[PDB]
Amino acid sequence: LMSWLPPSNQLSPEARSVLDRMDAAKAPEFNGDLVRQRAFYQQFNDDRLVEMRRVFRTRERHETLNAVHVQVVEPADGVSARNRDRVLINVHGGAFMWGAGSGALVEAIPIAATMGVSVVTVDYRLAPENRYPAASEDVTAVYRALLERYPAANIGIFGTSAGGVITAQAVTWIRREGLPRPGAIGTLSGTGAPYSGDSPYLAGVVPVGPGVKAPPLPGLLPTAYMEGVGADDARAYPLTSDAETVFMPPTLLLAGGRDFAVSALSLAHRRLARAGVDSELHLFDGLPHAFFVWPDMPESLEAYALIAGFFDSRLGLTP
C-alpha cells in the first residue's frame, strides 16, 4: 500500500538511503527453517553492530545477575556524574526468537553512549524453546539484582519491537513479585498489547488492496512465545488492562510512522493519559518498525536523544 507513496518528504537524504538498503536487505522466505532464520538475523545484527561501532565508543562486559546472562554496556568515556546512580535495563527485539548478543548490543550501545549511562542488556530466554512468561522472569531477576545497588526510581527499562512487548510484561511481573516499580520505561515499536488499528494493514502485515478481502486483525500477538495466553491475561497484555495500565511507570512510546505497531502505540498512549500515567509518544514519519537499529541517519540520532531525554527527565538521581 505504502509503495504507491514517495518517501516521506520529512526525511534526510541519509534516511532515504537507509530505506533503500532496508528494502534490499529484506529476508528471503525461511519456511520454518529456524536455524537458517537465526543465521540470517545473526548476520543482520552483526552488520548493524559494525555500523554502531563506527558511530559510538562503548565498552561491554558480560555478567550474570540472579542466574541471568547480561551484557553491561557503558560509554568508553565513562558514565556522566549525573548518571552515576542510574541504570537502564535493555530488552532486545528479534521477534521473540533471535537478537541475542549482537542484537542486544545494537539496542544498548547508542543509548549508553548518547545518555552517558550504564545499560544492562538481558539475554532472556527465547521462543520457540521457551514461552511466556520466561522473558518476564529473566528481566525481573535482573531488575531484582540491580535494586541491591540502585533505587527503583533510578532504574529504567526499555526495549524495541518484541523487547518493547517484554518490557511492558516485565513491569507487571515485577509488580506480581512485590518489587517496587521501575522509575520509567521505553516501549519502542511495541508494548503489552496486540497490533491493532490501521497500521498493520498499511505496513502489509495483513494483505489488503484492490479485489482483496481484508480480514479482521487478531486480538492476540501471533508469536509462538505468546501461544495459548489469553487476551484476558492482564499481566501478558497490560496496555489492554485498566488495572495494569494505572500501575505503569512513566512511559516513552516511540515508533516509525510506517511501523505496523504505531496504531497500537497511539491507543496505548491515550489509555496511559486517561489513567493519569506520565507518557510521551513520538512518531518518525516515513520510517519503519525499529528503524533506529540503523544508526547512519540523523533520525536515529534524534531518536536516541529522545530516549536519553525521557530517562534523564523521569529517573531519580540520588543514591
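In this text, residue numbers run from 1 along the sequence as written.
Stretches 120-128 and 158-166 differ in mean CA B factor, with 120-128 having the higher one. According to the PDB record, 203-211 carries the higher mean C-alpha B-factor of the two stretches 92-100 and 203-211. As recorded in the PDB entry, 77 shows the highest C-alpha B-factor of the residues 77, 198, 138, 107.
When the C-alpha B factors of 289, 282, 57, 271 are read from the deposited coordinates, the top value falls at 57.
Sort the chain's modelled residues by C-alpha temperature factor and residue 237 lands in the lowest third, per the entry.
Residue 278 sits in the lowest third of its chain by CA B factor, as recorded in the PDB entry. When the modelled residues of the chain are ordered by C-alpha B-factor, residue 22 sits in the highest third. Sort the modelled residues of the chain by CA B factor and residue 257 lands in the middle third. When the modelled residues of the chain are ordered by their C-alpha B factor, residue 31 lands in the highest third.
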